[PDB]
Amino acid sequence: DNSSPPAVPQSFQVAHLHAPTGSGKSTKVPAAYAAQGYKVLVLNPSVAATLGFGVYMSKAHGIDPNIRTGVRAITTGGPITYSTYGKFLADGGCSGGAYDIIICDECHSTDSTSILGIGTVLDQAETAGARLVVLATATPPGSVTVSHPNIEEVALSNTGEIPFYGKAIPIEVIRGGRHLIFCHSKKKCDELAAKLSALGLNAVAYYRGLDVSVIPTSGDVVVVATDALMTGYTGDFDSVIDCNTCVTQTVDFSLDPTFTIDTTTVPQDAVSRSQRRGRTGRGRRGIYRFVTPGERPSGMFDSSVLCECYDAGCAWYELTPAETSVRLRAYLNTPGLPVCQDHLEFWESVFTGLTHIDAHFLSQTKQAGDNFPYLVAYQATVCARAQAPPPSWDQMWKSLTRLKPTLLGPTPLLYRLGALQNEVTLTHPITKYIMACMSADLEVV
Ligand SMILES: Cn1cc(CC(=O)O)c2ccccc21
Ligand SMILES: [Cl-]
Ligand code: NA
């Protein structure tokens, strides 16, 4: 069992800590390490969680930790430091020998910043003079949704008036009471909520960019929502009905001309299933209805996230693709972490050829906070240098707006990051370069 905090070893060691959120793993455990005289770094994917550790440690233990985020760093000179993974990377990683112990919290996290952060720690900690790296999570990879004592789970059949993701919902099952239906998209939420209204039911849609008050506090209601609800709203429900699908970023080696990165419908994993289910069964018995028995277990992520790491290396952290590969290699080689196809050589080769980006476009896409700032600005750079329009006039291609009256002809398409709305040419040298990266890799070709 990995349920107890590791003892500090005499020389270097990587260990796992599996413990629930709030249980002490991010707070009590580093406090106890510091009471022993060690300097402790705690990394977390969230700015909010990171600040919150500081508030807990101060008020509960009279410990004022250092707190480091992209906005600002607060330094007390104390032995414990909380940082986001992003700020840690921006600070140069293990500029040791600063810390004796590094706790990678929520180490199941599969956002690109966490992955690159954790790989950085694993590649650098020992050389930086650390004695211990703790990979801590409340949700170890390979986790599956487990039975809940207060929630009755009932599969959907094909019997029912309301068509729902290949199955049916009987109306009797949502007439009277308060029910929550998860749909994968805002459009499905609008379609279903309209349909239910027409059937005489009290239904209302909820998603990103609507007020929480549009959900009534009392009364029979059927709420039709996306995962936006969970951040979100607080009340619980008589039942949850889950479409068991979600929208996520995926790469497709679509060869038109190269690859496509976009949001795609995919099977839901154990974490999503557990979270959606958990909106019923609070304080009384709940009901969970599902389209499909799950799941993907947790802890698998898409090759597009590896791409995103190389992107971030080049955009934010002044890392060459070769440097990024070293860090990601340490991550992939460490057992017990999230897993993904080994596309390191491929993605490295691609970014290696993306030379002479325009600095001003890159600062614009960075400041704008859109995904893949490096690839978006590189496409924009290619567009401007060819006096050609962007793939579309989506907000993505914002930096080219001032130049719009002088951009014309087909887009020299490098790859696809969203919908295509202009004529394309595939003659650009970089396009050819990226196609060759694909052909030169047996895992991708
Ligand atoms: C991409 N990215 C995320 C973070 C996390 C944070 O906001 O602390 C970050 C920090 C500094 C530089 C870049 C960063
Ligand atoms: Cl904790
Ligand atoms: Na109504």
# chains A, B, ... in the order shown; residues from 1 in each chain; ligands from 1
>>> residues_near_ligand(ligand="ligand 2", cutoff="9 Å", atoms="only C-alpha atoms and all ligand atoms", output="ChimeraX atom specification")
/A:19-29,53
>>> residues_near_ligand(ligand="ligand 1", cutoff="6 Å", atoms="only C-alpha atoms and all ligand atoms", output="VMD selection string")
chain A and resid 47 69 to 70 84 86 to 87 90 316
>>> write_last_selection(atoms="N, CA and C atoms", output="short mmCIF file (atom, residue, chain, number, x, y, z; two decimals), in the first residue's frame")
data_model
loop_
_atom_site.label_atom_id
_atom_site.label_comp_id
_atom_site.auth_asym_id
_atom_site.auth_seq_id
_atom_site.Cartn_x
_atom_site.Cartn_y
_atom_site.Cartn_z
N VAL A 47 -3.83 27.26 -9.43
CA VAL A 47 -3.49 28.49 -8.72
C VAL A 47 -4.31 28.60 -7.43
N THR A 69 2.97 31.57 -7.87
CA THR A 69 2.09 31.39 -9.03
C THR A 69 2.58 32.28 -10.16
N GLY A 70 1.99 32.14 -11.35
CA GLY A 70 2.37 32.98 -12.48
C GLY A 70 2.15 34.47 -12.28
N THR A 84 2.56 26.43 -8.32
CA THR A 84 1.92 25.74 -9.44
C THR A 84 2.99 25.03 -10.28
N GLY A 86 3.14 25.24 -13.48
CA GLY A 86 3.53 26.28 -14.44
C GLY A 86 4.57 27.23 -13.92
N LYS A 87 4.36 27.73 -12.69
CA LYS A 87 5.31 28.68 -12.14
C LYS A 87 6.66 28.00 -11.87
N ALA A 90 8.40 27.89 -15.20
CA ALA A 90 8.83 29.24 -15.53
C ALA A 90 10.04 29.67 -14.70
N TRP A 316 6.64 29.22 -23.56
CA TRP A 316 6.69 29.79 -22.21
C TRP A 316 8.01 29.59 -21.49
#
>>> closest_atom_pairs(of="chain A", to="ligand 3", cutoff="10 Å", atoms="only C-alpha atoms and all ligand atoms", output="JSON lines")
{"residue": "A:193", "atom": "CA", "partner": "ligand 3", "partner_atom_place_in_ligand_line": "1 (Na)", "distance": 9.3}
{"residue": "A:194", "atom": "CA", "partner": "ligand 3", "partner_atom_place_in_ligand_line": "1 (Na)", "distance": 9.4}
{"residue": "A:196", "atom": "CA", "partner": "ligand 3", "partner_atom_place_in_ligand_line": "1 (Na)", "distance": 9.1}
{"residue": "A:197", "atom": "CA", "partner": "ligand 3", "partner_atom_place_in_ligand_line": "1 (Na)", "distance": 6.1}
{"residue": "A:198", "atom": "CA", "partner": "ligand 3", "partner_atom_place_in_ligand_line": "1 (Na)", "distance": 9.2}
{"residue": "A:200", "atom": "CA", "partner": "ligand 3", "partner_atom_place_in_ligand_line": "1 (Na)", "distance": 8.0}
{"residue": "A:201", "atom": "CA", "partner": "ligand 3", "partner_atom_place_in_ligand_line": "1 (Na)", "distance": 6.8}
{"residue": "A:202", "atom": "CA", "partner": "ligand 3", "partner_atom_place_in_ligand_line": "1 (Na)", "distance": 4.2}
{"residue": "A:203", "atom": "CA", "partner": "ligand 3", "partner_atom_place_in_ligand_line": "1 (Na)", "distance": 5.5}
{"residue": "A:204", "atom": "CA", "partner": "ligand 3", "partner_atom_place_in_ligand_line": "1 (Na)", "distance": 7.0}
{"residue": "A:220", "atom": "CA", "partner": "ligand 3", "partner_atom_place_in_ligand_line": "1 (Na)", "distance": 10.0}
{"residue": "A:221", "atom": "CA", "partner": "ligand 3", "partner_atom_place_in_ligand_line": "1 (Na)", "distance": 8.3}
{"residue": "A:222", "atom": "CA", "partner": "ligand 3", "partner_atom_place_in_ligand_line": "1 (Na)", "distance": 9.4}
>>> write_last_selection(atoms="C-alpha atoms", output="PDB file, in the first residue's frame")
ATOM      1  CA  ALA A 193     -34.357  20.962 -22.858  1.00  0.00           C
ATOM      2  CA  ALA A 194     -36.610  22.202 -25.667  1.00  0.00           C
ATOM      3  CA  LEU A 196     -38.634  18.121 -22.647  1.00  0.00           C
ATOM      4  CA  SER A 197     -40.399  21.470 -22.375  1.00  0.00           C
ATOM      5  CA  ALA A 198     -42.564  20.540 -25.346  1.00  0.00           C
ATOM      6  CA  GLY A 200     -44.827  19.377 -20.639  1.00  0.00           C
ATOM      7  CA  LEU A 201     -41.844  18.952 -18.325  1.00  0.00           C
ATOM      8  CA  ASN A 202     -40.174  21.759 -16.362  1.00  0.00           C
ATOM      9  CA  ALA A 203     -36.732  21.732 -17.980  1.00  0.00           C
ATOM     10  CA  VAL A 204     -33.839  24.188 -18.233  1.00  0.00           C
ATOM     11  CA  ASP A 220     -39.762  19.747  -9.935  1.00  0.00           C
ATOM     12  CA  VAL A 221     -37.115  20.444 -12.530  1.00  0.00           C
ATOM     13  CA  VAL A 222     -35.098  18.579 -15.136  1.00  0.00           C
TER      14      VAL A 222
END
>>> closest_residue(among="A:307, A:330, A:434, A:181", to="residue 124 of chain A", atoms="only C-alpha atoms")
A:330
>>> select_by_dssp(residues="segment 201-380 of chain A", states="strand (DSSP E or B)", output="NGL selection string")
:A and (203-206 or 221-225 or 237 or 239-242 or 245-252 or 260-267 or 269 or 280 or 286-290 or 296 or 300 or 339)
>>> write_last_selection(atoms="C-alpha atoms", output="short mmCIF file (atom, residue, chain, number, x, y, z; two decimals), in the first residue's frame")
data_model
loop_
_atom_site.label_atom_id
_atom_site.label_comp_id
_atom_site.auth_asym_id
_atom_site.auth_seq_id
_atom_site.Cartn_x
_atom_site.Cartn_y
_atom_site.Cartn_z
CA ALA A 203 -36.73 21.73 -17.98
CA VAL A 204 -33.84 24.19 -18.23
CA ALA A 205 -30.40 24.03 -19.87
CA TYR A 206 -27.16 24.96 -18.11
CA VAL A 221 -37.11 20.44 -12.53
CA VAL A 222 -35.10 18.58 -15.14
CA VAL A 223 -31.72 20.26 -15.59
CA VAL A 224 -29.91 19.52 -18.87
CA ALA A 225 -26.26 20.41 -18.46
CA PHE A 237 -30.56 15.77 -7.41
CA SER A 239 -31.30 11.34 -10.20
CA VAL A 240 -28.46 11.85 -12.61
CA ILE A 241 -28.69 10.60 -16.20
CA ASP A 242 -25.29 10.39 -17.87
CA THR A 245 -19.40 10.73 -23.35
CA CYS A 246 -17.34 13.90 -23.12
CA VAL A 247 -15.58 16.37 -25.38
CA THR A 248 -11.78 16.38 -25.26
CA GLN A 249 -8.76 17.55 -27.25
CA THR A 250 -7.40 14.85 -29.57
CA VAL A 251 -4.83 14.58 -32.34
CA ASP A 252 -5.80 12.88 -35.60
CA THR A 260 -5.51 17.70 -36.79
CA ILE A 261 -5.90 18.83 -33.20
CA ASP A 262 -9.46 19.53 -32.16
CA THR A 263 -12.14 18.85 -29.57
CA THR A 264 -13.66 15.43 -30.16
CA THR A 265 -16.40 13.32 -28.60
CA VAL A 266 -14.83 10.36 -26.72
CA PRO A 267 -15.75 7.67 -24.16
CA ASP A 269 -13.35 7.89 -18.09
CA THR A 280 -27.02 12.51 -6.61
CA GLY A 286 -29.64 8.64 -5.19
CA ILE A 287 -30.24 7.28 -8.67
CA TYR A 288 -27.71 7.13 -11.52
CA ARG A 289 -28.79 6.17 -15.05
CA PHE A 290 -26.31 5.45 -17.81
CA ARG A 296 -11.98 4.02 -19.66
CA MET A 300 -4.69 7.73 -20.04
CA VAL A 339 0.19 6.85 -19.79
#
>>> atom_distance(atom1="atom CA of residue 13 of chain A", atom2="atom CA of residue 333 of chain A")
14.6 Å
>>> atom_distance(atom1="atom CA of residue 17 of chain A", atom2="atom CA of residue 297 of chain A")
19.0 Å
>>> residues_around(residues="residue 137 of chain A", least_positions_apart="3", cutoff="7 Å", atoms="only C-alpha atoms", output="compact mmCIF listing (two decimals) with N, CA and C atoms, in the first residue's frame")
# COMPACT_ATOMS: atom_id res chain seq x y z
N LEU A 17 2.32 8.36 -3.11
CA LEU A 17 1.42 8.55 -2.00
C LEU A 17 0.00 8.63 -2.53
N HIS A 18 -0.80 7.62 -2.21
CA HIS A 18 -2.21 7.60 -2.61
C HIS A 18 -3.08 7.90 -1.41
N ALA A 19 -3.72 9.06 -1.40
CA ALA A 19 -4.47 9.52 -0.24
C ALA A 19 -5.51 10.53 -0.71
N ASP A 105 1.86 17.01 -6.29
CA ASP A 105 0.47 16.77 -5.90
C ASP A 105 -0.40 16.65 -7.15
N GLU A 106 -1.51 15.92 -7.02
CA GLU A 106 -2.42 15.60 -8.13
C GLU A 106 -1.66 15.11 -9.35
N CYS A 107 -0.75 14.15 -9.11
CA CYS A 107 0.20 13.72 -10.12
C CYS A 107 -0.47 12.84 -11.18
N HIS A 108 -1.76 12.59 -11.01
CA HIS A 108 -2.57 11.97 -12.06
C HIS A 108 -2.98 12.99 -13.12
N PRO A 140 -5.26 7.42 -8.41
CA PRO A 140 -4.16 6.78 -9.12
C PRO A 140 -4.58 6.36 -10.53
>>> residues_around(residues="residue 294 of chain A", least_positions_apart="5", cutoff="8 Å", atoms="only C-alpha atoms", output="mmCIF file with C-alpha atoms, in the first residue's frame")
data_model
loop_
_atom_site.group_PDB
_atom_site.id
_atom_site.type_symbol
_atom_site.label_atom_id
_atom_site.label_comp_id
_atom_site.auth_asym_id
_atom_site.auth_seq_id
_atom_site.Cartn_x
_atom_site.Cartn_y
_atom_site.Cartn_z
ATOM 1 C CA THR A 145 -15.509 3.881 -10.883
ATOM 2 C CA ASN A 244 -21.228 8.768 -20.673
ATOM 3 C CA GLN A 268 -15.914 9.104 -20.631
ATOM 4 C CA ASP A 269 -13.348 7.891 -18.090
ATOM 5 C CA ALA A 270 -13.688 6.778 -14.451
ATOM 6 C CA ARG A 273 -18.234 9.019 -14.448
#
>>> select_by_dssp(residues="segment 396-430 of chain A", states="helix (DSSP H, G or I)", output="list in words")
residues 396, 397, 398, 399, 400, 404, 405, 406, 429 and 430 of chain A
>>> closest_residue(among="A:444, A:120, A:277, A:372", to="residue 341 of chain A", atoms="only C-alpha atoms")
A:444
>>> residues_around(residues="segment 382-394 of chain A", least_positions_apart="3", cutoff="6 Å", atoms="only C-alpha atoms", output="compact mmCIF listing (two decimals) with N, CA and C atoms, in the first residue's frame")
# COMPACT_ATOMS: atom_id res chain seq x y z
N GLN A 379 1.71 29.21 -37.41
CA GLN A 379 0.84 29.25 -38.58
C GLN A 379 0.61 30.69 -39.00
N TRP A 397 -7.13 33.34 -34.76
CA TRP A 397 -6.26 33.97 -35.74
C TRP A 397 -6.28 35.48 -35.60
N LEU A 407 -4.09 40.35 -46.90
CA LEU A 407 -3.93 38.91 -46.97
C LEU A 407 -4.91 38.35 -48.01
N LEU A 408 -4.40 37.54 -48.93
CA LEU A 408 -5.23 36.99 -50.00
C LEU A 408 -4.65 35.70 -50.58
N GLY A 409 -5.44 35.00 -51.38
CA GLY A 409 -5.05 33.70 -51.90
C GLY A 409 -5.28 32.57 -50.91
N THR A 411 -4.59 29.60 -48.02
CA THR A 411 -3.82 29.43 -46.79
C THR A 411 -2.74 28.36 -46.96
N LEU A 420 -11.74 24.68 -41.05
CA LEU A 420 -11.09 25.28 -42.20
C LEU A 420 -12.11 26.05 -43.03
N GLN A 421 -11.83 27.32 -43.32
CA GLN A 421 -12.82 28.14 -44.01
C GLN A 421 -12.23 28.92 -45.17
N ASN A 422 -11.02 28.56 -45.57
CA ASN A 422 -10.41 29.15 -46.75
C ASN A 422 -9.81 28.06 -47.65
>>> residues_around(residues="residue 166 of chain A", least_positions_apart="6", cutoff="12 Å", atoms="only C-alpha atoms", output="JSON, numbers by chain")
{"A": [156, 157, 158, 159, 160, 243, 244, 245, 290, 291, 292]}
>>> write_last_selection(atoms="N, CA and C atoms", output="CSV table (one decimal), in the first residue's frame")
chain,number,residue,atom,x,y,z
A,156,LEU,N,-29.9,2.5,-18.7
A,156,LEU,CA,-31.0,2.8,-19.7
A,156,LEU,C,-31.2,1.6,-20.6
A,157,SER,N,-32.4,1.5,-21.1
A,157,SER,CA,-32.7,0.5,-22.1
A,157,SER,C,-33.1,1.2,-23.4
A,158,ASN,N,-33.7,0.5,-24.3
A,158,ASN,CA,-34.2,1.2,-25.5
A,158,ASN,C,-35.7,1.5,-25.4
A,159,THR,N,-36.3,1.0,-24.3
A,159,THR,CA,-37.6,1.4,-23.9
A,159,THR,C,-37.7,2.8,-23.4
A,160,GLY,N,-38.4,3.7,-24.1
A,160,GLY,CA,-38.6,5.1,-23.6
A,160,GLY,C,-39.0,6.0,-24.7
A,243,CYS,N,-24.8,10.7,-20.2
A,243,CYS,CA,-24.6,10.3,-21.6
A,243,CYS,C,-23.3,9.5,-21.8
A,244,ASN,N,-22.5,9.5,-20.7
A,244,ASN,CA,-21.2,8.8,-20.7
A,244,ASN,C,-20.3,9.1,-21.8
A,245,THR,N,-20.4,10.3,-22.4
A,245,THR,CA,-19.4,10.7,-23.4
A,245,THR,C,-18.9,12.1,-22.9
A,290,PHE,N,-27.4,5.4,-16.9
A,290,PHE,CA,-26.3,5.5,-17.8
A,290,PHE,C,-26.6,4.8,-19.2
A,291,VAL,N,-26.0,5.3,-20.2
A,291,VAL,CA,-26.1,4.8,-21.5
A,291,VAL,C,-25.3,3.6,-21.7
A,292,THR,N,-24.1,3.6,-21.1
A,292,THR,CA,-23.1,2.5,-21.3
A,292,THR,C,-22.4,2.2,-20.0
>>> closest_residue(among="A:401, A:11, A:76, A:231", to="residue 127 of chain A", atoms="only C-alpha atoms")
A:11
>>> atom_distance(atom1="atom CA of residue 274 of chain A", atom2="atom CA of residue 229 of chain A")
14.5 Å
>>> residues_around(residues="residue 89 of chain A", least_positions_apart="6", cutoff="10 Å", atoms="only C-alpha atoms", output="MDAnalysis selection string")
chainID A and resid 83 113:114 116:118 120:121 312:313 316:319
>>> decode(residues="segment 245-268 of chain A", atoms="N, CA and C atoms", output="PDB file, in the first residue's frame")
ATOM      1  N   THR A 245     -20.366  10.288 -22.354  1.00  0.00           N
ATOM      2  CA  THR A 245     -19.401  10.734 -23.352  1.00  0.00           C
ATOM      3  C   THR A 245     -18.947  12.113 -22.917  1.00  0.00           C
ATOM      4  N   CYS A 246     -17.733  12.506 -23.295  1.00  0.00           N
ATOM      5  CA  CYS A 246     -17.338  13.900 -23.124  1.00  0.00           C
ATOM      6  C   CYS A 246     -16.520  14.401 -24.307  1.00  0.00           C
ATOM      7  N   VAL A 247     -16.328  15.709 -24.335  1.00  0.00           N
ATOM      8  CA  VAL A 247     -15.577  16.368 -25.380  1.00  0.00           C
ATOM      9  C   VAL A 247     -14.162  16.620 -24.881  1.00  0.00           C
ATOM     10  N   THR A 248     -13.166  16.188 -25.650  1.00  0.00           N
ATOM     11  CA  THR A 248     -11.777  16.382 -25.257  1.00  0.00           C
ATOM     12  C   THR A 248     -10.882  16.648 -26.465  1.00  0.00           C
ATOM     13  N   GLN A 249      -9.745  17.272 -26.210  1.00  0.00           N
ATOM     14  CA  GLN A 249      -8.765  17.552 -27.248  1.00  0.00           C
ATOM     15  C   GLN A 249      -8.035  16.284 -27.725  1.00  0.00           C
ATOM     16  N   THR A 250      -8.053  16.042 -29.025  1.00  0.00           N
ATOM     17  CA  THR A 250      -7.400  14.851 -29.566  1.00  0.00           C
ATOM     18  C   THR A 250      -6.610  15.203 -30.815  1.00  0.00           C
ATOM     19  N   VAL A 251      -5.536  14.457 -31.075  1.00  0.00           N
ATOM     20  CA  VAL A 251      -4.834  14.578 -32.341  1.00  0.00           C
ATOM     21  C   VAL A 251      -5.302  13.466 -33.292  1.00  0.00           C
ATOM     22  N   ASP A 252      -5.433  13.822 -34.555  1.00  0.00           N
ATOM     23  CA  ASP A 252      -5.803  12.883 -35.599  1.00  0.00           C
ATOM     24  C   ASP A 252      -4.760  13.028 -36.691  1.00  0.00           C
ATOM     25  N   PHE A 253      -4.072  11.940 -37.008  1.00  0.00           N
ATOM     26  CA  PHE A 253      -3.095  12.006 -38.092  1.00  0.00           C
ATOM     27  C   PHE A 253      -3.851  11.807 -39.399  1.00  0.00           C
ATOM     28  N   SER A 254      -4.547  12.879 -39.762  1.00  0.00           N
ATOM     29  CA  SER A 254      -5.549  12.900 -40.815  1.00  0.00           C
ATOM     30  C   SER A 254      -4.964  13.084 -42.211  1.00  0.00           C
ATOM     31  N   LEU A 255      -3.678  13.419 -42.278  1.00  0.00           N
ATOM     32  CA  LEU A 255      -2.986  13.540 -43.564  1.00  0.00           C
ATOM     33  C   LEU A 255      -3.651  14.522 -44.540  1.00  0.00           C
ATOM     34  N   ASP A 256      -4.170  15.630 -44.025  1.00  0.00           N
ATOM     35  CA  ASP A 256      -4.869  16.607 -44.860  1.00  0.00           C
ATOM     36  C   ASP A 256      -4.466  18.070 -44.608  1.00  0.00           C
ATOM     37  N   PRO A 257      -3.166  18.401 -44.711  1.00  0.00           N
ATOM     38  CA  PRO A 257      -2.011  17.613 -45.153  1.00  0.00           C
ATOM     39  C   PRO A 257      -1.302  16.791 -44.063  1.00  0.00           C
ATOM     40  N   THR A 258      -1.433  17.160 -42.787  1.00  0.00           N
ATOM     41  CA  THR A 258      -0.598  16.544 -41.753  1.00  0.00           C
ATOM     42  C   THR A 258      -1.402  15.961 -40.593  1.00  0.00           C
ATOM     43  N   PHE A 259      -1.629  16.766 -39.569  1.00  0.00           N
ATOM     44  CA  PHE A 259      -2.406  16.291 -38.439  1.00  0.00           C
ATOM     45  C   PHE A 259      -3.459  17.321 -38.076  1.00  0.00           C
ATOM     46  N   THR A 260      -4.426  16.874 -37.283  1.00  0.00           N
ATOM     47  CA  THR A 260      -5.511  17.698 -36.792  1.00  0.00           C
ATOM     48  C   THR A 260      -5.586  17.624 -35.278  1.00  0.00           C
ATOM     49  N   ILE A 261      -5.632  18.781 -34.627  1.00  0.00           N
ATOM     50  CA  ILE A 261      -5.900  18.835 -33.200  1.00  0.00           C
ATOM     51  C   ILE A 261      -7.201  19.578 -32.991  1.00  0.00           C
ATOM     52  N   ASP A 262      -8.165  18.916 -32.365  1.00  0.00           N
ATOM     53  CA  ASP A 262      -9.458  19.535 -32.160  1.00  0.00           C
ATOM     54  C   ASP A 262     -10.203  18.849 -31.024  1.00  0.00           C
ATOM     55  N   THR A 263     -11.314  19.442 -30.611  1.00  0.00           N
ATOM     56  CA  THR A 263     -12.139  18.848 -29.566  1.00  0.00           C
ATOM     57  C   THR A 263     -13.046  17.807 -30.200  1.00  0.00           C
ATOM     58  N   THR A 264     -13.027  16.623 -29.612  1.00  0.00           N
ATOM     59  CA  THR A 264     -13.657  15.435 -30.158  1.00  0.00           C
ATOM     60  C   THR A 264     -14.511  14.780 -29.081  1.00  0.00           C
ATOM     61  N   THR A 265     -15.630  14.191 -29.489  1.00  0.00           N
ATOM     62  CA  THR A 265     -16.400  13.324 -28.598  1.00  0.00           C
ATOM     63  C   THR A 265     -15.666  11.999 -28.367  1.00  0.00           C
ATOM     64  N   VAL A 266     -15.520  11.605 -27.099  1.00  0.00           N
ATOM     65  CA  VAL A 266     -14.827  10.358 -26.725  1.00  0.00           C
ATOM     66  C   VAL A 266     -15.540   9.645 -25.564  1.00  0.00           C
ATOM     67  N   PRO A 267     -15.227   8.356 -25.348  1.00  0.00           N
ATOM     68  CA  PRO A 267     -15.746   7.673 -24.156  1.00  0.00           C
ATOM     69  C   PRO A 267     -15.321   8.367 -22.866  1.00  0.00           C
ATOM     70  N   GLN A 268     -16.236   8.481 -21.910  1.00  0.00           N
ATOM     71  CA  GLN A 268     -15.914   9.104 -20.631  1.00  0.00           C
ATOM     72  C   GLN A 268     -15.021   8.181 -19.792  1.00  0.00           C
TER      73      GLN A 268
END
